[PDB]
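Spelled out, the chains give:
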Amino acid sequence: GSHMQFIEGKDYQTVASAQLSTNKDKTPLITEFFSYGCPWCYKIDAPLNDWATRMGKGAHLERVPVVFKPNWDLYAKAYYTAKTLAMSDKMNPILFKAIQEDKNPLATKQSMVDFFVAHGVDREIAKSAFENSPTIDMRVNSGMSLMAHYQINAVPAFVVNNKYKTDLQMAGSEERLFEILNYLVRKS
């Protein structure tokens, strides 16, 4: 009578499951591969946060920054640092705006340190994060390895419950993207 209308191969695809250690208070898990440097990541970020808020316990959104372009390595470190400080909800829109709207590339370690300090972060925490943290470097790399495992080569992209992927290109619009994500969080 009625037929499924979330179409595998068009709206989403299945991926090979990665070997994960996911905390169950992070389930259903939505992983967004993104960068501050991506205009499409920027466009959808605030609606995505709103959608995530409206999902409440129905979803746990985790972001994974990617390195595709000059300066994106530092943008990734900025994400990990802000997250560590529990400041990524505050800093995500600030960083997006600086890079995308003010065309401030924040292209040096120094410029990033200063930017973080201007927004209330301790100078040494930010300096040491950018200049001497193998821990943060390893997270940047591990995010990129994950992205490759999922056969993702464009952002924004989403992997839901370590099994289904979608992106704005597949969805075709922000509204369809969130309909797709609402569907996927419930699968398998």
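By the method listed in its record, X-ray crystallography, this PDB entry was determined to a resolution of 1.8800 Å.

Each helix and strand in the protein chain was counted, giving 8 helices and 5 strands. The C-alpha atoms of the protein chain give 17 Å as radius of gyration, which agrees with the globular expectation for 188 residues (16 Å, within 12%). The principal-axis extent of the C-alpha atoms belonging to the protein chain is close to 60 × 35 × 30 Å. Burial statistics for the protein chain: of 188 residues in total, 45% are counted as buried. A sequence separation of at least 24 residues applies to 71% of the contacts in the protein chain between residues at least 6 apart.

Here the focus is the packing of aromatic side chains. In the structure shown here, the tally under the stated rule is 13 aromatic pairs. Aromatic pair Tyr-12 and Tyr-164: ring centres 6.0 Å apart, planes at 80 degrees, arrangement edge-to-face. Of the two residues, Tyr-12 is situated in the segment before β1 (13-14) and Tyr-164 in strand β5 (residues 164-167); the sequence distance between them amounts to 152 residues. On the accessibility criterion, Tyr-164 (7% relative accessible area) is buried. Geometrically, the ring pair formed by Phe-68 and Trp-72 is stacked, given 5.6 Å between the ring centres and 20 degrees between the ring planes. Since its relative accessible area comes to 35%, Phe-68 is described here as partly exposed.

Two side chains with opposite charge may pair up if their charged atoms get near one another. Throughout the structure, instances matching the rule amount to 8 salt bridges. The shortest N-O distance in the salt bridge between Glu-32 and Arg-63 comes to 3.1 Å. Residue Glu-32 is located in strand β2 (residues 29-34), and its partner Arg-63 is located in strand β3 (residues 60-65); the two are separated by 31 residues in the primary sequence. Assessed through its relative accessible area of 0%, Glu-32 is described here as buried. Across the pair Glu-131 and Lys-127 runs a salt bridge whose closest N-O atoms are separated by 3.0 Å. Pair noted here: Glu-131 and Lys-127 are both in helix α5 (residues 123-131), with a separation of 4 residues, about one helical turn. On the accessibility criterion, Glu-131 (48% relative accessible area) is partly exposed. By relative accessible area, which is 32% here, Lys-127 ends up partly exposed. Put simply, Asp-11, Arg-176 and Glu-179 are held in one network by salt bridges that share partners.

Quick look at α5 now. Considered for burial, the residues of α5 that qualify are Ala-126, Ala-129 and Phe-130. Down the axis of α5, the smallest arc covering the buried residues is 90 degrees, so these residues share one side. On its buried face, α5 sits against α2 (72-84), α4 (109-118) and α6 (134-149). You can read the cap of α5 off the contacts: a side-chain oxygen lies 2.9 Å from the backbone nitrogen of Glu-124, and it is on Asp-122.

Residues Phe-33, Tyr-36, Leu-95, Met-112 and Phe-116 are the most contacted members of the largest nonpolar core, which totals 41 residues. At the level of elements, β2, α2, α3 (88-100), α4, α5, α6 and β4 (157-160) are the ones that each hand at least two residues to this core. Leaving out residues up to four positions away in the same chain, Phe-116 has contacts with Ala-78, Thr-81, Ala-82, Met-91, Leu-95, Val-121, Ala-126 and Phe-130. Grouped together as the second largest cluster of nonpolar side chains are 20 residues, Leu-61, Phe-158, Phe-178 and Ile-180 included.

Here the focus is the pairing of β4. The two faces of β4 match: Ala-157 and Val-159 on one face and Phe-158 and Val-160 on the other face are all buried. In terms of strand pairing, β2 meets β4 through 4 bridges, oriented antiparallel. Residue pairing for β4: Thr-31 is matched across the bridge by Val-159. Pairing geometry for β4 and β5, over 4 bridges, is antiparallel. From the neighbouring strand, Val-159 faces β5, where its bridge partner is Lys-165. Counted between consecutive antiparallel strands, the loop separating β4 from β5 contains 3 residues, among which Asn-161 sits at a positive phi close to 50 degrees.

Here is what the cut-offs are and how they apply
- Residues numbered from 1 in each chain as written, not as in the entry; some residues may be left out.
- Heavy atoms only, no water.
- Helix = DSSP H or I, 4+ residues; strand = E, 2+ residues; numbered from the N terminus.
- Rg over C-alpha atoms; globule rule 2.2 N^0.38 Å.
- Buried < 20%, exposed > 50% of the residue type's maximum accessible area, 1.4 Å probe, protein only.
- Contact = heavy atoms within 4.5 Å.
- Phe/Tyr/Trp six-rings, centres within 6.5 Å; stacked < 30°, edge-to-face > 60°.
- Salt bridge = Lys/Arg side-chain N within 4 Å of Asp/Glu carboxyl O.
- Arc of directions from axis to C-beta.
- Polar contact = N/O pair within 3.5 Å; in protein donor to acceptor, adjacent residues only side chain to side chain.
- Core = buried A, V, L, I, M, F, W, Y, C linked by side-chain atoms within 4.5 Å.
- Pairing = 2+ DSSP bridges.

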